[PDB]
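There are 6 protein chains.
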Amino acid sequence: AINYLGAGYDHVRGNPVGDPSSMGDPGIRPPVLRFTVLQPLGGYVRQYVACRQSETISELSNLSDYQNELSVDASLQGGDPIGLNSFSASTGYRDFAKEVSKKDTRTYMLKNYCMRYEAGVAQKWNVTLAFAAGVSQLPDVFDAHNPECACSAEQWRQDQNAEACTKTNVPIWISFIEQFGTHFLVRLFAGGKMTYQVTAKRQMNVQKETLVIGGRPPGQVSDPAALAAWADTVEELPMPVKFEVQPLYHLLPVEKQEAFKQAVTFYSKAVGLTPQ
Amino acid sequence: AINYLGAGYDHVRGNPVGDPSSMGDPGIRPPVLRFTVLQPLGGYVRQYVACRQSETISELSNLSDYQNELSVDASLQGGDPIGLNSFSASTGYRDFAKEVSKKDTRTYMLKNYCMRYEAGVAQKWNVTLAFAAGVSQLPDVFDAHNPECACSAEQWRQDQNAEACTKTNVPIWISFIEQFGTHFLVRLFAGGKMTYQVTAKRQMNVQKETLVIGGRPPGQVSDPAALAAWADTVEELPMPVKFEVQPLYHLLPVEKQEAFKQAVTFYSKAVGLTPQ
Amino acid sequence: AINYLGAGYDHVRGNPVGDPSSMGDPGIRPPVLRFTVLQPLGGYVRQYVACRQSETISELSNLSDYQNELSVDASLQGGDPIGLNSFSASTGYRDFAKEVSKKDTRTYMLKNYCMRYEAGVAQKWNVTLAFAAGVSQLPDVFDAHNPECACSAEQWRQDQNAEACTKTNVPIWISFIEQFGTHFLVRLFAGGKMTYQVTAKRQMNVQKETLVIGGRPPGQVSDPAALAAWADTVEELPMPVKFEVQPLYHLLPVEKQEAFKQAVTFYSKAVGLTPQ
Amino acid sequence: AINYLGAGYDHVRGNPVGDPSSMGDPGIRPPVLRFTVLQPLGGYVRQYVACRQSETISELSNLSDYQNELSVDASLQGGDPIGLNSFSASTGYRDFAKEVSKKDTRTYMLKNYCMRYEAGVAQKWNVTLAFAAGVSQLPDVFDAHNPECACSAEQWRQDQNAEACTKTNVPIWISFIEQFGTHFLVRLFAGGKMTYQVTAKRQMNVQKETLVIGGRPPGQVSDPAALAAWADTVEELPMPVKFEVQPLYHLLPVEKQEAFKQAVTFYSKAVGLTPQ
Amino acid sequence: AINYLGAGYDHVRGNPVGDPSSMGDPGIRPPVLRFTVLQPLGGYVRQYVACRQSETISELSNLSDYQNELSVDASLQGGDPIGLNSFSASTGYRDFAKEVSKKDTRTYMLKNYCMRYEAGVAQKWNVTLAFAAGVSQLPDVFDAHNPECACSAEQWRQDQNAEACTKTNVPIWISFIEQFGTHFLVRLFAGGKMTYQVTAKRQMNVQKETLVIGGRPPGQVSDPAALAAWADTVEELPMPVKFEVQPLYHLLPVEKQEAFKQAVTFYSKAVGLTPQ
Amino acid sequence: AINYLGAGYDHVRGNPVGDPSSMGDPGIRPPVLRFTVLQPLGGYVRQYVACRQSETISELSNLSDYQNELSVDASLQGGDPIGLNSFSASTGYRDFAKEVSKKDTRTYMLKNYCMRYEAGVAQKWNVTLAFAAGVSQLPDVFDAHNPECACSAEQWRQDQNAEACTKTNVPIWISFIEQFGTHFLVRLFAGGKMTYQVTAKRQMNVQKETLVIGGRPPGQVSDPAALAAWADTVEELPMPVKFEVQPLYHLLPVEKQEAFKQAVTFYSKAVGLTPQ
Ligand SMILES: *[C@@H]1O[C@H](CO)[C@@H](O)[C@H](O)[C@H]1NC(C)=O
Ligand SMILES: *[C@@H]1O[C@H](CO)[C@@H](O)[C@H](O)[C@H]1NC(C)=O
Ligand SMILES: *[C@@H]1O[C@H](CO)[C@@H](O)[C@H](O)[C@H]1NC(C)=O
Ligand SMILES: *[C@@H]1O[C@H](CO)[C@@H](O)[C@H](O)[C@H]1NC(C)=O
Ligand SMILES: *[C@@H]1O[C@H](CO)[C@@H](O)[C@H](O)[C@H]1NC(C)=O
Ligand SMILES: *[C@@H]1O[C@H](CO)[C@@H](O)[C@H](O)[C@H]1NC(C)=O
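Residue numbers (the authors' numbering), protein chains in the order written: chain C, 465 to 500, 514 to 600, 605 to 683, 727 to 800; chain D, 465 to 500, 514 to 600, 605 to 683, 727 to 800; chain E, 465 to 500, 514 to 600, 605 to 683, 727 to 800; chain F, 465 to 500, 514 to 600, 605 to 683, 727 to 800; chain G, 465 to 500, 514 to 600, 605 to 683, 727 to 800; chain A, 465 to 500, 514 to 600, 605 to 683, 727 to 800.
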């Protein structure tokens, strides 16, 4: 199968309940760590019998409830939320924001976890070659951290190709973040996850949207047989459905760690959406 | 698949819940705009995983409720209703008018949306060759705007072949409208939509009519297997089930815009049905 | 498929809910009108998507309720009942009369309409060649209209081969009516119709008879699969399940119309059953 | 198919709800009448669409109720019961007698009729060749009608091979009755009939026996699919499930009618079971 | 098929609801009677249509309820219980005794009879060759009937190879009993029988054991398809599921009958289990 | 099939409800006893018809309830618990400890037994060759039994390769225990066992984990068909689901029994987890 342990993760663009243009979390990025059924040196893989099943239901009354429900499946190592406008750039976040602004409707989220294995590390890492070259191309200073830098977060949001930004090294940092993300996965439950977002008026007016992680694309969620077939494809193509991450700056040389931290704050502000 | 972004739309003859002689909205017209998975220049296409599902139910007590339920799926850009006797020339509108005039029955509408992708433009357009030639054959003045013109809207409704009309340029404008419509689609959700119209007496007397948009013709709506097969055919032949339009006069030269607006008002009165 | 627009109809022997010896209304007669997906000149055919479904239920307390339930599906143009002992010569009429005479039971009728298309004319007709020859062989006077004619209606009911009738021209008229019926179809909804007649005692004593119009012969009404298969055969062999007729004398030369009206009154009296 | 109109019938050994050693009424005998979809001369055959279904339930508190439930399906022409110890020699009669003698149980009978056609005669008959030869072998006198005849009904019940009977012509008459029965079918509803005899104690102690008429042997009555398959085989092998009979002595020469009537009374007493 | 009429039966080791090491009653022994669809001389076989079905349920509060439920299916001719520690040596008897000793649980038994035919004799029998030779090797006296005989029933239970027993002829008699049983079947209903023994605590703590007679070994009792397949194998391999027996001493020469009765009492005490 | 009678058993690492890395109890070890459908000399094998089914449900409020529910299926001969930190080193034990520490959730365990046969011994054994060689390599004294020995249980838990332990003979004893376990199976019920561990919050928040013993790996527990297929594979690969064990020291020479008992107490403390 595919290894997602050590994969990069964009906490701003990620969404652990899914996206209609991806079969997994859209924040998952190419692998960042390099490793050595089979156990990776320094970590572990524990395979399940069939699928470890779990289900959740939550009434999402505001944006904070949706944020908390996403943070349950994509948090810092230990369970603390990533924050920093996490998930706010994803489509599902914007869709739910539009639906929750309507006070005449109430939305619930139902998660169905079909877990197939667990993997993790415990801590002297070696990174991938692509990540190493990318880091070697990074400067030691983040230009937008300087007060009165012409390239501010709004300037990047409005026009990143303006002269105010193209003269600084900000596009290099943002290209790195766009390539590898802001965090990396240190622990994960992989398999399939089928989540239903159900919106009810105040007429039995009810709407139901289906969001899927893992397996092959399912033809019909209402079909029982197609659902079972999707569950059969989950065994073949499992993908992370609940994971914990560590910040990427722990993997950079210290002379770039502070500038990278400033770069990810800048990125979280320019790409992320404050509730406005 | 087939591109419907920029397709013409007759707001008078259209019906966004369907027509028994069409697999889609009977008002959709051949493409009016020309464009350049793949993204059209100036717009966007966002593909879904499987089907984005949604369901609605509404009690239709009068003609205005039906107008509102159709306007939900076929409106001006921004969500405002098209109005101007919209949908009033379609078969479904006349059938429902006949059913709602009977005060001894109550009718409900259940929509089932099976959406596969979204497309749109944001605004320097280029039109199709057929639309350009059609516009080049149009005059600069609409004759029926002149007061005391022998060719009025009622005269066209009674006999459009009469001398009062064949001497004016009105038939040219109406042939253009009959070819390309009155608006054009600027944003759309495409796929399938199965709508049930259920009429109950005041005896468990209940009638149910099925209207379908998108996919291949379904053999049996009561059959579960035939319904699932139709859902499988929606992936192959998706069609607009909820869209937003802009008036066509924005695409004509400025010297013809006023005459075209007068022509579409004339058309809305002569072909459209006021509640009488 | 087969064209039933303009088909003859015997309103006395007809029965729009079916017959165990026919797959359609036993009163339907060979085509009377000649015509020119495809639209017949002077009329229209409107094809449905799948099946337009409808269901009815009625408690039949007496013969008049059954007469009204049949008249709903076989009426004059406009909805008025045909009458004139309509349907009274059909088998189902006699069966239900026998069941309703028993005051210790109560019978209900459940109709299930599976309509596939609608057809009609609007009015200069030409008839078929067989109908033209039949009319050319008709006299201008109906002998039984003369007072004290030896050939009365009951005399025809008892023995039509008696000398009292074989000397008059009545057998010619009755042969014509027996060939083409008394009316002809001017509007029709065709497809399939499954009607259940359920008789309950006053012990859960219940009897259920099934009567079918349209499609191929169904093997088992209780089998779900065989019922679905019948619904699939309705698409192939659709037959009129709800129609409106016009009297046949409108199609005869004026010199024969009065004698034909007298002939159909005589026929309705001799063949039809008054509730005795 | 097989014609049962005019078949002989042993009213003593018959049982219209069935027998496990026969697929039909065990009292049906070879055809007695000879005849000429197709209509037999002197009678009628009326075919149904699919199956005319009917269902009954009755609580059988004593032997008279069971006698009445059987007589409904095998009666004299007009509906009057055959009587004369009818059905009393059949196995099902003896089984039910054993069960109804137990006052600690209560038995119910549920009939399910799946009728496919009706046939009948109206009255100059010709009998079959076998029946004619059998009658020609009959004497004009029945010996056991003579008072103090050594061959009585009890003597026949004890030992029919005793000298008291073999010297008289009683064995000839009883051989004729054993070959052709005592009545013959003049009207019949043929098809399938599944009857359940359900006995409840006074613990939810319930016993259910299945008795089947018509069609092919069904594999499993509790299986839904095997039941449907049996219903499909009923179309192929329909058998009388509700019929009306006339005494056989109407078909014999007048000089033998009285002796045959005495022979059938003798047979009903010697073979039939009075409730002792 | 296999004939079980006249088969020997060990009433001590038998169990008519089944055994996990046998497909039938573990007490059935090789055939003892010799006989001559086809009818055996002196007896009868009555074949059923499909399966004569029956169901029973009983709450087994103590050992006597279980004894009565087994005696229903294996009794003396006429319905009287065999007694004499009948069934007490079988495994199922010991299992249920262990479960009924626990007063914190309650056990119910559900029988499902699938009967295919009935057979019996009515009474000059001839036995099989093996049974005749076995009887010819028997003495005329049973040694353990002599008072104070060193070989008692308890001594046989403790050690049958001790000098106290091997000097007497008791091992010969017990070898005969071990070969042919203690009774023989004179009437039987054969087919399949699925019995569920359900034990409930006093938590929805429930245990269910399945015991089967007849047919082929079933793969899964909870599977509907495997159950139906077992029912189809019952048609191929029917076995006695409810029978009536007569003591074997009626088949021995009179000089050996009394010694055989003493031998079967001895066997019932030494092998049977009194409720201790 | 495979013999598990006489297999070694590690009571510390075992878990009789399963493990996601094993198809059976993870404590089962290679066979320790050597033996001679077929009956092993000194023991017995009793095969069932299909599956002996049983089900249990228990609310697990604390670690002791889980310990008791596991001890039901893996106990000393007679039913007494093994104790000595039994099961505490298994993955399932640690997972349940983590879940029961959360006082905001309540966990239930549902067992489903599908038993296929029972085996046992009654007591002069000969052991396997591997076990005999392993015992011959054992010393007669356990070094860690000496007070103030540098190699204690905590030292073994922290670092077993330290000089404090590698100088003593403790690694030899622990290698023997790691190979053959601490007990061996003397009685067993083998087949399949599907256990559900269901955790409920205090929102219908519910989680369900599936643990399986026996048969082939099941693809999907929620699929009915995959569950039935697993039940079909249990017949092919039955494994112990409820067994009773005896301590291994009964199989060692008397001069090594005390040192082995000290070695297994040492192992139970060093590898086992006390509730801290
Ligand atoms: C990768 O890192 C691991 C430590 O996690 C180390 O053991 C290994 O040697 C490293 N890879 C190489 C090629 O040295
Ligand atoms: C059509 O218009 C688009 C703007 O949306 C433009 O990019 C494109 O070049 C035009 N077509 C051609 C052939 O130039
Ligand atoms: C039949 O009638 C139509 C109009 O109803 C007419 O156009 C046509 O000419 C007629 N048929 C022939 C053969 O002329
Ligand atoms: C049989 O009887 C019919 C009348 O029921 C008669 O028409 C026919 O001639 C008879 N058969 C023969 C061979 O004559
Ligand atoms: C078997 O017994 C029957 C009577 O039960 C008898 O007629 C027959 O002769 C016996 N068999 C032989 C071989 O004699
Ligand atoms: C092992 O012991 C069995 C009895 O349990 C004995 O029959 C057998 O001979 C021994 N093994 C060998 C290889 O002899």
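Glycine included, each C-beta is placed from N, C-alpha and C at the ideal position.
Legend entry - Unbroken alpha helix (DSSP H) run spanning D:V549, endpoints: Segment: none, D:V549 is in no alpha helix (DSSP H) and carries neither H nor E.
Inset, instruction - Mind listing the chain D neighbours of C:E576? Cutoff is C-beta to C-beta under 7 Å, in chain order. - result: By Cβ distance, chain D contributes nothing, its closest Cβ being about 11 Å from C:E576, past 7 Å.
Legend entry - Cross-chain neighbours of D:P741 in chain E, by beta carbon under 9 Å: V526, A527
Inset, instruction - Using a cut-off of 8 Å between C-beta atoms, extract the partners of F:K732 located in chain G. - result: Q530, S531, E532
Inset, instruction - Quick one: using the 10 Å Cβ neighbour count with 16 as the cut-off for buried, is G:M728 buried or exposed? - result: exposed
Inset, instruction - Identify which residue in G:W606, G:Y590, G:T582, G:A634 has its Cα closest to the Cα of G:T680. - result: G:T582
Inset, instruction - Mind listing which residues have their beta carbon within less than 7 Å of any non-hydrogen atom of ligand 7? Chain order is fine. - result: Looking at this structure, you won't find ligand 7 anywhere; what it does contain is ligand 1, ligand 2, ligand 3, ligand 4, ligand 5 and ligand 6.
Legend entry - Residue span of the beta strand (DSSP E) that contains C:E536, given as start and end: 520 to 537
Inset, instruction - List the residues of chain F whose Cβ lies closer than 7 Å to the Cβ of G:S535, in chain order. - result: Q727
Legend entry - Extent of the continuous alpha helix (DSSP H) run through A:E779: 778 to 794
Legend entry - Endpoints, alpha helix (DSSP H) assigned at G:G569: 568 to 578
Legend entry - C-beta atoms of D:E768 and D:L553 nearer than 8 Å: yes
Inset, instruction - Mind checking who F:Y473 pairs with in its DSSP beta bridge? - result: F:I492, F:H664
Inset, instruction - Determine the closest residue to A:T568 out of C:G672, C:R523, C:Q544, C:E532, with distance taken between C-alpha atoms. - result: C:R523
Inset, instruction - For A:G738, count neighbouring Cβ atoms within 10 angstroms of its own Cβ and tell me buried if that reaches 16, exposed if not. - result: buried
Inset, instruction - Indicate whether at least one CB of chain E lies closer than 8 Å to the CB of D:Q639. - result: no
Inset, instruction - Give me the Cα-Cα distance between F:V651 and F:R638, rounded to the nearest whole angstrom. - result: 13 Å
Legend entry - Beta-bridge pairing of D:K588 - partner residues as DSSP gives them: D:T533, D:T676
Legend entry - Contacts that D:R523 makes with chain C (C-beta to C-beta distance below 7 Å): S485
Inset, instruction - Give the straight-line distance between the Cα atoms of A:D572 and A:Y543, rounded to the nearest whole angstrom. - result: 11 Å
Legend entry - Cβ separation of C:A625 and C:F790, assumed to be a contact under 8 Å, to the nearest whole Å: 5 Å
Inset, instruction - Note the first and the last residue of the continuous beta strand (DSSP E) segment covering C:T734. - result: 730 to 737
Inset, instruction - Verify the CB distance criterion: does C:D550 have a CB-CB separation below 8 Å to chain A? - result: no
Legend entry - Three-state class that DSSP yields for G:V481 in the structure shown: coil
Legend entry - Listed by chain order, chain A residues near C:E760 by CB distance under 8 Å: Going along chain A, no residue has its Cβ under 8 Å from C:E760, so there is no contact; the nearest lies around 11 Å.
Inset, instruction - Would you verify that the beta carbon of C:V765 is, or is not, closer than 8 Å to some beta carbon of chain D? - result: no
Inset, instruction - Indicate the three-state DSSP secondary structure (helix, strand or coil) for G:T500 in the structure shown. - result: coil
Inset, instruction - For C:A631, I'd like the list of residues in its chain whose CB is within less than 7 Å of its CB, leaving aside the five on either flank, ordered along the chain. - result: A645
Inset, instruction - Can you give me the start and stop residues for the beta strand (DSSP E) that F:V622 sits inside? - result: Where F:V622 is concerned, there is no enclosing beta strand (DSSP E), given that its DSSP letter is neither H nor E.
Inset, instruction - Check F:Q770 in the structure and name its three-state DSSP category. - result: strand
Legend entry - chain C within 8 Å of D:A752, Cβ atoms only: yes
Inset, instruction - Compute the Euclidean distance between the alpha carbons of E:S578 and E:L537, then round it to the nearest angstrom. - result: 12 Å
Legend entry - Closest residue to F:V758 among F:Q786, F:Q781, F:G673 (Cα-Cα distance): F:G673
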